[PDB]
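These are the residues of each chain, in order.
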Amino acid sequence: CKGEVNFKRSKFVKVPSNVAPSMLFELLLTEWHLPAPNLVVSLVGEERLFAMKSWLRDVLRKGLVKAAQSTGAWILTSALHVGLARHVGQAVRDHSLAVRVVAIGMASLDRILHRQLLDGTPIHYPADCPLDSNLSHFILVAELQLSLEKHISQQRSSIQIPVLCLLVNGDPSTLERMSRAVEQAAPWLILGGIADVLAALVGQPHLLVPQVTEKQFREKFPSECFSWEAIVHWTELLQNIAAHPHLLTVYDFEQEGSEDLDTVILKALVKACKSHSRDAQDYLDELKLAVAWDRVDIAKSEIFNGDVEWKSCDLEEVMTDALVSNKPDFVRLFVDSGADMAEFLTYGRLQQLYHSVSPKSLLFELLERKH
Ligand SMILES: [Ca+2]
């Protein structure tokens, strides 16, 4: 079901559970006419008591600023998540006001207030719970999000589209869902909340945590004391999760020696794709993203370390992209990677390059007037 909220209208798509993810994908793209996804970053952690220090908030702000600058992506921030997420919605709205990034409010309907008012045309839902009015879209209804992620990581010049999850100041309730994410072939990045526990407990000489989990749950958020059976279940859960480390990665941005947000993103992405397979056609999308960030160090060190083998045949599209974007370092790297200009350059390709002249340029006006 399609609906609009004249609040500047926000879209509502009825989300019946166990629906086809491809159906929702097609509905979103068609009805919303939004650009193709170059990246899909989904949030998994949000809490009202969750507070962000100035450093982590700034590196989150600078990161989203750089993301909206060149690449643009989709931030699957669940609506009706009142807390720190509303500030994120206001911030992304202000930064987009200042290629573009989009945010989707994939959220249920039970926790929303005035749900009967919107169920049965500006639906006024003024509640002092209601959803954050900073977002301009929503999907009205964890398994749905996981299946949507598994679907997006399967949609496919044969290019893929990356998908990543970013958790921030999570609660011990997402852990179960998090386990499914380990089986969903999706990379995960950890920094605030239970994230500190998951980080300090991911690398240990002892695989199982029969007693350290209790000490962690006691030292961290000691307001709620859970049952011992729950702690044993969650210890087994964390064991089964950390059984697969090559998809999970943690980094500390407060150490003052941290690399930029965009860097670790691509680092974890290539780390995941390396364990996924070694197909040259695989790393393409992420590689394109690297060009979008002008990141050459990680391009040469990680991608072109000699592990994967490159053939002159596949580099054509990415080389053209690097050329039109005016980034000579990557051109040098590619031509040193075996790509030969002698056979790549054709008169049709050369005309294409001329067809790629920017309209506001002077050469464009000169050629147009001459024509
Ligand atoms: Ca890939």
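Residues numbered from 1 in each chain as written, not as in the entry; some residues may be left out. Part of a larger assembly, values for the part shown. Heavy atoms only, no water. Residues with missing side-chain atoms left out of burial classes, pairs and counts.

- The deposited coordinates derive from cryo-EM, with the record listing a resolution of 3.8 Å.

- As annotated in the PDB entry, the protein is Transient receptor potential cation channel subfamily M member 5 from Rattus norvegicus.

Topic: the pattern of salt bridges
For side chains of opposite charge, pairing can occur when their charged atoms come near one another.
Here comes step 1: In this structure, the salt-bridge partner of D262 is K66, at a minimum N-O distance of 3.0 Å.
Here comes step 2: One salt bridge in this structure joins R349 and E316, with 2.6 Å as the shortest N-O distance. Taken together, the residues span a long stretch of sequence, with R349 in helix α16 (residues 347-355) and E316 in helix α13 (residues 316-324) at a distance of 33 residues.
Here comes step 3: Via salt bridges that share partners, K66, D262 and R295 belong to a single interconnected network. (Salt bridge = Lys/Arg side-chain N within 4 Å of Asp/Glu carboxyl O. Helix = DSSP H or I, 4+ residues; strand = E, 2+ residues; numbered from the N terminus.)

Some remarks on the environment of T320
Here comes step 1: Along the chain, the position of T320 falls in helix α13.
Here comes step 2: Remark: the alpha-carbon pair of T320 and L345, spanning 25 residues in sequence, is separated by 9.9 Å.
Here comes step 3: If sequence neighbours within four positions are ignored, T320 has contacts with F344 and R349. (Contact = heavy atoms within 4.5 Å.)

Some details on the packing of aromatic side chains
Here comes step 1: Relative to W234, the ring of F226 has its centre 5.4 Å away and its plane inclined at 50°; by these criteria the two rings are tilted.
Here comes step 2: Residues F304 and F334 carry aromatic rings whose centres are separated by 6.4 Å and whose planes lie at 45° to one another, so their mutual orientation is tilted. With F304 in the loop between α12 (297-303) and α13 and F334 in helix α14 (residues 328-336), this pair connects stretches of sequence that are 30 residues apart. (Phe/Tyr/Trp six-rings, centres within 6.5 Å; stacked < 30°, edge-to-face > 60°.)

Some details on unusual backbone geometry
Excluding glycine, residues mostly have negative phi values, and the peptide bonds linking residues are mostly trans.
Here comes step 1: One non-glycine residue with positive phi stands out, namely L80, at about 55°.
Here comes step 2: Tracing the backbone shows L80 in the loop between β4 (74-76) and α3 (84-97).
Here comes step 3: In the Ramachandran plot, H114 falls in the positive-phi region, its phi being about 55° despite a non-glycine side chain.
Here comes step 4: Among the secondary structure elements, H114 is positioned in the loop between β6 (106-107) and α4 (115-119).

A look at the packing of α13 against α14
Between two packed helices, what matters for the description is the angle formed by their axes and the separation of those axes.
Here comes step 1: Relative orientation of the contacting elements α13 and α14 amounts to 155°, with a least axis distance of 9 Å. Judged by the angle between their axes, α13 and α14 are roughly antiparallel. The interaxial crossing formed by α13 with α14 has left-handed handedness. Contact residues: α13 offers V318, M319, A322 and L323, while α14 offers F330, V331, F334 and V335.
Here comes step 2: Split by residue class, the contact of α13 with α14 holds 8 nonpolar, no polar and no charged. (Axes fitted to C-alpha atoms, helices over the stretch in contact; angles between N-to-C directions. Parallel < 35°, antiparallel > 145°, perpendicular 65-115°, else oblique. Left-handed = near helix turned anticlockwise from the far one by under 90°. Nonpolar A, V, L, I, M, F, W, Y, C, P; charged D, E, K, R; others polar.)

Considerations on the pairing of strand β3 (residues 40-43)
Here comes step 1: Bridging between β3 and β4 involves 3 bridges; their strand directions are parallel. Across the sheet, the residue bridging to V41 is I75, located in β4.
Here comes step 2: For the crossover from β3 across helix α2 (residues 54-71) to β4, the handedness is right-handed. (Pairing = 2+ DSSP bridges. Right-handed = clockwise from strand over helix to strand, strands pointing away.)

Some details on the packing of helix α1 (residues 21-32) against helix α5 (residues 143-152)
Here comes step 1: Between α1 and α5, whose axes approach to 9 Å, the crossing angle comes to 75°. The angle between α1 and α5 falls in the class roughly perpendicular. For the pair formed by α1 and α5, the contact residues are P21, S22 and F25 on the first element and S147, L148 and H151 on the second.

Some remarks on the sheet that holds strand β9 (residues 188-190)
Here comes step 1: On the basis of which strands lie adjacent, the open sheet formed by 6 strands has the order β5-β4-β3-β8-β9-β10 and parallel pairing. Whereas interior strands pair on both sides, the edge strands pair on one side only; in this sheet they are β5 (102-103) and β10 (248-250).

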